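Asks: Quick one: experimental structure and sequence below.
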Amino acid sequence: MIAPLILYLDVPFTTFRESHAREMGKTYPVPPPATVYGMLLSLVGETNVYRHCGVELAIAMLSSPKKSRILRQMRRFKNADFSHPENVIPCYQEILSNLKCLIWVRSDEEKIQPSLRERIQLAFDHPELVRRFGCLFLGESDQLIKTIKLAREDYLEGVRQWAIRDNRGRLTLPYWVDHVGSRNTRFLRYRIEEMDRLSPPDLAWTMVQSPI
RNA sequence: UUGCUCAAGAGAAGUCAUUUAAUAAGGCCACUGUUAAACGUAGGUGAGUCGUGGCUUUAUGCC
């Protein structure tokens, strides 16, 4: 079998807001599989979200990012008038600083060719042939990606904080997100285990599937 | 195309008005640089202005 594609990721600032965190911008410690899947789709310029269902992703944290809060005058659709003062509310948003991680992409379960792994490999091979819009970001549109590159299993050859699918884990990261409400959002429970493995364990792989 | 797409904590504000580190104080009192000698005899030099004036025989020297 083809070795799973490894994508080194370095982001200066990242906000993985929680699904139920609407009054305050609480963030996940680790990028959810849904956010990484959306980032990869943006990287290959794929607008359709159902195109690459079945891809498996594994995330290894190269360091523990620090959590910080920033005030923000975020807008909302509360009043019909755009200039009404009710449309602006001040609330906190939690950000993560200096996020470095390695992403494993495995595309054995995809039924549509070419697979997401092949598309990412081709995009990195010939960047001038990639047809996409906007700037690559992880989280919010203003949180641009500093370094995204093809790496090996030992890019830093140090110690890795894996995200293991544990039913007793603390984090509840979604592998599918319903942006309207929460009906179609699908969750999985993870834990961050400090391990010196250079390849993801079996429980570290998360398959992105439709809620159906 | 990422719980995403959009998103200024923004506009304004003197740390101000007043306050002697001031009043007093000897670095003072004492001290010998005392005592003695043969010059026996042999060591040198760095810097201008230009055509007769008072004496005197031109002379040639004085001021």
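Replies: Yep, it's here. Numbering: from 1, shown residues only, chains lettered A, B, ... in the order given.
Asks: For the top strand by length along chain A, enumerate the helices and strands it packs against.
Replies: The longest strand of chain A (DSSP state E) is strand A:88-106. Using 3 or more CB pairs under 8 Å, 6 or more residues apart in numbering; DSSP states H and E, the elements in contact with strand A:88-106 are strand A:5-14, strand A:56-61, strand A:66-75, helix A:116-125. (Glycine included, C-beta is placed from N, CA and C.)
Asks: any chance of the ones you listed in a markdown table, with distance to residue A:91 and mean neighbour count too?
Replies: Listed next are the helices and strands packed on strand A:88-106 as a markdown table, based on distance: least, CB to CB, whole Å; neighbours: other CB atoms under 10 Å:
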| stretch | distance to residue A:91 | mean neighbour count |
| --- | --- | --- |
| strand A:5-14 | 18 | 20 |
| strand A:56-61 | 27 | 24 |
| strand A:66-75 | 6 | 11 |
| helix A:116-125 | 35 | 18 |
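Asks: neighbours of residue A:80, just the number please.
Replies: 7 (other CB atoms under 10 Å).
Asks: hmm, back to that, chain center to the longest strand of chain A, what's the gap?
Replies: 9 Å (CA atoms, centre = their mean, to the nearest Å).
Asks: quick check: angle from it to strand A:5-14?
Replies: Put simply, strand A:88-106 runs at 160 degrees to strand A:5-14, going by axes from the mean of the first three to the mean of the last three CA atoms, to 10 degrees.
Asks: Flag every buried residue along strand A:88-106.
Replies: A:93-96, A:99-106 (16 or more other CB atoms under 10 Å).
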